[PDB]
2 protein chains.
Amino acid sequence: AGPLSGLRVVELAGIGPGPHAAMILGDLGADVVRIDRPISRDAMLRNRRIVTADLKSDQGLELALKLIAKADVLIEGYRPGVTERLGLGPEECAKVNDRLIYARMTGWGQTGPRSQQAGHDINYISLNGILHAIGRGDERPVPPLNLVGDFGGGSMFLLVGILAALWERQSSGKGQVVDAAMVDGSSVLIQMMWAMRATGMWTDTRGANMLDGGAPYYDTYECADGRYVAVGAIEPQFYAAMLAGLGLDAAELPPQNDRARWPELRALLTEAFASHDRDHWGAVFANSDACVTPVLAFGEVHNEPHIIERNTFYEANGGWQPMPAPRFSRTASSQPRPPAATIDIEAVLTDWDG
Amino acid sequence: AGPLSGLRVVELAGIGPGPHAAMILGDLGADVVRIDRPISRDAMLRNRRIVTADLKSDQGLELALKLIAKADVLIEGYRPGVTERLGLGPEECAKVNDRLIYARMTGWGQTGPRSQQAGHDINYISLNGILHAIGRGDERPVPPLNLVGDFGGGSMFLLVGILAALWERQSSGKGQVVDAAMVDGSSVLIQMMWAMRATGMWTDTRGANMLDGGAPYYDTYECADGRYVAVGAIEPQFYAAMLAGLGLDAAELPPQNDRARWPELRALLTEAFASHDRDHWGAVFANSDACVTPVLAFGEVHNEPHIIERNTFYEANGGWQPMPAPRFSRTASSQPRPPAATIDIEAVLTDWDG
Ligand SMILES: CCCCCCCCCCCC[C@H](C)C(=O)SCCNC(=O)CCNC(=O)[C@H](O)C(C)(C)COP(=O)(O)OP(=O)(O)OC[C@H]1O[C@@H](n2cnc3c(N)ncnc32)[C@H](O)[C@@H]1OP(=O)(O)O
Ligand SMILES: CCCCCCCCCCCC[C@H](C)C(=O)SCCNC(=O)CCNC(=O)[C@H](O)C(C)(C)COP(=O)(O)OP(=O)(O)OC[C@H]1O[C@@H](n2cnc3c(N)ncnc32)[C@H](O)[C@@H]1OP(=O)(O)O
């Protein structure tokens, strides 16, 4: 039902960014066929058809290629060379389908000294200054889950690459290869900090900047109940609204942007926030522009009115899952279809005509 | 030169996600025209033409609409209702160009109880369980800079919405509205943790999971020089390669996934890593699959061989900036054009035929 209805995607079963990319394509209405090794409880495998094949066997290769001959996009996330050795590399795929967008999802990219090296998110963002910038300044860096390498700088760039290549295809008639490396995507993801560093607006000192926790107006605060609020009152008029809700006199406080006095400012803000519960502040600044919000655990999200009203989540069997994003006014996306039983690869070939 | 060469984008100047989205379109070859209020050192504003109009004025509105009439995409990132009041809302734009992809970039979305409220990244990820999941367990949550709401769950979803809607326009001949809300995108960005929570594979206890710092094999360690390495050795063979490099006898350590003895495991690993400087480990895990990498500060990135050889960065005027991502084999993106002087809006309208 979404805008990608009609798009055919072959996904070679992998882990992390590749399956996430394929999910979003399916989310938006694509026809996604996932080939695995010979009913999943993994909600990420929503919006698929699962088929199986041994790609090291002559029959599996032949069946895979027939599928690929009829697809728009191929997603693979193995080490570079792996698809080549199977006979499913870009040059073999070209011979049967030169309209194909061949999307290669890696951490380190297709070439370079590290291209054959195992790794995970935390490694890809360790090499490009990202990790070093995350966490409190008095302690070692903390990983921002696998949100920045695997997804924000990984699958999301694979998706952009795929969709941009589909635009180009309109006039060239041809596909090509998209090399989406997490080490690259994540760097463009953090381009604002590269831009800020060049102008004296960001330092390499962890935890001492405007957006990393260093600013008392841009951080979390612990409340009376041991729960937290988030404060993001960057603009002076938002900051002023924040001080108001807390019952603090601005004249009695250091100026907002006097970094010399930030520890003094933070102590006053700490004392304020610590005097009531999280839900008290939630109520104080419910409709304000104070940029103060309650910090909800996953298990609490379902109770928040803005989350409910907008149907950001849906109940699948066993728990809430996020609905497709972003939203489309005319070709809206469906509620995702749960994972289903594996189906016969030949049946999909009939459906597609391979 | 990139795959988006030919695409026409009108960007209504704003902050954070919108300008980052426009940048990536520009990066990939789009013809992006930015309308600001009446030459930048913001490297984010690379790959543009900048023009000036007072949109509150009769003549300003008229010129903007003439530009929009010739564009493929419009990006705006103001509060919902703002463009409506200006007379550049979706209903007004449709009258002059129904092929327009109208891309609306917000935190809270177009509708809902919070939709008119101020906020910034830290607020958007505070409402949907993300923030609460970031940081050490013995402390309040830390913001993962503005990487998760503004960009990974923000501009990146706007971009997917834009390019998806363009694909759809191939066959419907028409555009539509993309409502990209950071509270939604970030939720889809963290779908893996929603999937895991449902199967008992992720807990709401901060700092106590596989990918958040709780696992001794997926975290940073401080070295003899006070600098850091990242360890990402999730798979047993990589973990084994890690211990081997450290000269620790496995027989003598707690099992990798015995959570009850994780603190004992961490302490042994801490002692090991602290015995030499970062560059030593740097060297020990050379081309190994041990998933151990050095944690480079921004200012060190330019010295790293894998970074150099792949040209992940380029020297603009004054500092390193990331090259376009992802990479395309046939229609490669150009090195970004630096920000240039504001130009005459009519010269753009002549160029485009408006
Ligand atoms: C409710 C549950 C939710 C689910 C939760 C899941 C669990 C959570 C875990 C989180 C995972 C996310 C983690 C944190 C990340 O950070 S992801 C980043 C990992 N890196 C990458 O993806 C970069 C690209 N990939 C790689 O570098 C490597 O694939 C790897 C991930 C390091 C693993 O290395 P390794 O296991 O040696 O695999 P590869 O070298 O790729 O070779 C794969 C071999 O398998 C074969 N193969 C594949 N498909 C088939 C098939 N259908 N039939 C037959 N064979 C198949 C290939 O031929 C290849 O074999 P060969 O070519 O070596 O002989
Ligand atoms: C090297 C330099 C680097 C540069 C770095 C920049 C500095 C770093 C700062 C950190 C930025 C990143 C932070 C962490 C973020 O999270 S950004 C995300 C902020 N949130 C959003 O974007 C969500 C959607 N937007 C909004 O909610 C709001 O726009 C906002 C950000 C809260 C700002 O609120 P506010 O100032 O009241 O603006 P709005 O309500 O949107 O109204 C805008 C008014 O301006 C007017 N306007 C606009 N363009 C023109 C024009 N060309 N000519 C004449 N007028 C113009 C509009 O008409 C509107 O007026 P009105 O309709 O309100 O009367």
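Virtual Cβ from ideal backbone geometry, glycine too; neighbours counted across all protein chains shown. All of this is worked out from the model, or read from it or from the source named; nothing here is a laboratory result.
Observations, loosely collected:
- Count of the stretch A:269-283 residues which are of a type in the set (A, V, I, L, M) and crowded, with 16+ Cβ neighbours inside 10 Å: 2
- Which listed residue, of A:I68, A:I39, is within 29 Å of A:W320 (Cα to Cα) and assigned by CATH to the domain that holds A:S187: A:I39
- Residue in the stretch A:196-203 that is within 30 Å of A:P19 (Cβ to Cβ) and within 11 Å of ligand 2 (Cβ to nearest atom) present: no
- Residues satisfying the stated conditions in the stretch A:6-18, i.e. under 21 Å from B:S172 (Cα atoms) and surrounded by fewer than 23 Cβ atoms within 10 Å (Cβ to Cβ): A:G6, A:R8
- In the stretch A:56-96, the qualifying residues are those that are assigned to a loop (DSSP other than H, G, I, E, B) and more than 30 Å from the chain's Cα centre (by Cα), and the one that is farthest from ligand 1 (Cβ to nearest atom) is A:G87.
- Positions within the stretch A:204-217 being more than 7 Å from every other protein chain (Cβ to nearest Cβ) and in contact with a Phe, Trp or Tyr (Cβ under 9 Å, 6 or more places away or on another chain), in sequence order: A:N209, A:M210, A:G214, A:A215, A:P216, A:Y217
- Residue that is farthest from A:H302 (Cα to Cα), among those in the stretch B:159-182 that are facing chain A (nearest Cβ under 7 Å) and touching a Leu at 6+ places or on another chain (Cβ under 6 Å): B:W167
- Residues of the stretch B:154-166 that are closer than 19 Å to A:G26 by Cα and surrounded by 24 or more Cβ atoms within 10 Å (Cβ to Cβ): B:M156, B:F157, B:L158, B:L159, B:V160, B:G161, B:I162, B:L163, B:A164, B:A165.
- Within the stretch B:22-41, the set of residues being within 10 Å of another protein chain (Cβ to nearest Cβ), buried (at least 23 other Cβ atoms within 10 Å of the Cβ) and either within 28 Å of B:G119 (Cβ to Cβ) or touching a helix residue (DSSP H, G or I) at 6+ places or on another chain (Cβ under 6 Å) (or both) comprises B:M23, B:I24, B:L25, B:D27, B:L28.
- Selection count, the stretch A:278-321, where residues are in a helix (DSSP H, G or I), among the small types (G, A, S) and facing chain B (nearest Cβ under 7 Å): 1
- Residues in the stretch B:213-237 that are out of contact with any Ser or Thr (no Cβ under 9 Å at 6 or more places or on another chain) and among the hydrophobic types (A, V, I, L, M, F, W, C): B:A215, B:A233, B:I234.
- So B:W352, is it more than 13 Å from chain A (Cβ to nearest Cβ) and either over 30 Å from A:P90 (Cβ atoms) or not β-branched (V, I, T) (or both): yes
- Residue check: A:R140 meets all listed conditions (1) within 16 Å of ligand 1 (Cβ to nearest atom); (2) in contact with an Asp or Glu (Cβ under 6 Å, 6 or more places away or on another chain) but one, namely (1).
- Qualifying positions in the stretch B:229-272 - within 14 Å of another protein chain (Cβ to nearest Cβ) and in contact with a helix residue (DSSP H, G or I) (Cβ under 8 Å, 6 or more places away or on another chain): B:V229, B:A230, B:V231, B:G232, B:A233, B:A240, B:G245, B:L269
- Yes/no for B:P3 being more than 16 Å from ligand 1 (Cβ to nearest atom) and either aliphatic (A, V, I, L, M) or surrounded by fewer than 23 Cβ atoms within 10 Å (Cβ to Cβ) (or both): no
- Residue within the stretch A:22-38 that is among the hydrophobic types (A, V, I, L, M, F, W, C) and in contact with a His (Cβ under 8 Å, 6 or more places away or on another chain) present: no
- Whichever residue in the stretch A:16-45 is under 22 Å from B:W202 (Cβ atoms) and among the aliphatic types (A, V, I, L, M) and, among such residues, is nearest to ligand 2 (Cβ to nearest atom): A:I24
- The set of residues in the stretch B:115-143 that are crowded, with 24+ Cβ neighbours inside 10 Å, more than 7 Å from chain A (Cβ to nearest Cβ) and assigned to a loop (DSSP other than H, G, I, E, B) comprises B:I125, B:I130.
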